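A single chain, nothing else alongside it, follows as structure tokens in the form solved without ligand PSU.
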């Protein structure tokens, strides 16, 4: 009764119809207003055009909202960076303080699974940070997915993170990880992570069959589908990856360590590449929304045929 579900989303959920959850970060960190709103509308339209209902999730004035109205999407967008970045562990505090929160992967998948949404489209997922051996800095996204039965549709893991260790951690958490139409696990900006995909899926229908099986089994762990960046944005992605490897090199040369390591890398990449990173992120989210919506629709067919 604390959570507000939009009528479009609740009616779809009642009848087993396709719903795609979305997080509130394309909005809080996009282009200058009202361009971030326009991007959010464009992503929701991709979901709608493919036959699913988009369920953008955010917290507004302490109210968790699953499915946003036009007014709510506008309000969220005009707030811009002023919203609290809200991980799962932050939800109760944002509710208690009646704040506005843009939910991360861990928080969004909590709310999506709470109400029975099976497919959550994101950009990337958090992971094991570089030099986690000394810091233990590991995203709660990985824990959350290990104990929430939901499918996350991502473009992989950023090379700023430790991708091999992220994959190992996901194995240990019992998360099924599959690359989409590839034997290589994608990094976010490049298809080349250097890591073999632990498993492979080749169509939205393949994906839906795995989700359907997971639901029928009542497993409490989730699924990560990783969709490699489209070749039409490989130039933008390759630029970011080149800048990232340069930043990593400069970081080593200047002995940047500890809590300053990750923010230094992020900082240096933006100077070299400006807006191309956001452009790549938007292209990735839009690709994930397309394939994620097809997965959700294929799943609703399997559910109908039960």
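Positions refer to the first chain, counted from 1.
Beyond the structure shown, there is the form solved in complex with ligand PSU, which is absent from this document and is the topic of what follows.
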Heavy atom within 4.5 Å of ligand PSU in the entry with it bound: which of 36, 50, 244, 281 fits that? Just give me the one.
281
Residue (of 46, 26, 269, 66) lying close to ligand PSU in the entry with it bound, criterion heavy atoms within 4.5 Å:
26
State yes or no: in the entry with it bound, is some non-hydrogen atom of residue 61 no more than 4.5 angstroms from a non-hydrogen atom of ligand PSU?
no
Using a 4.5 Å heavy atom cut-off, state whether residue 259 contacts ligand PSU in the entry with it bound.
yes
Against ligand PSU in the entry with it bound, would residue 225 count as a contact residue? Criterion: heavy atoms within 4.5 Å.
no
Wondering, does residue 188 line up within 4.5 Å of ligand PSU in the entry with it bound on heavy atoms?
yes
Partner absent here, but in the entry with it bound, which of 196-204, 209-217, 133-141, 71-79 has residues with a heavy atom within 4.5 Å of ligand PSU?
133-141
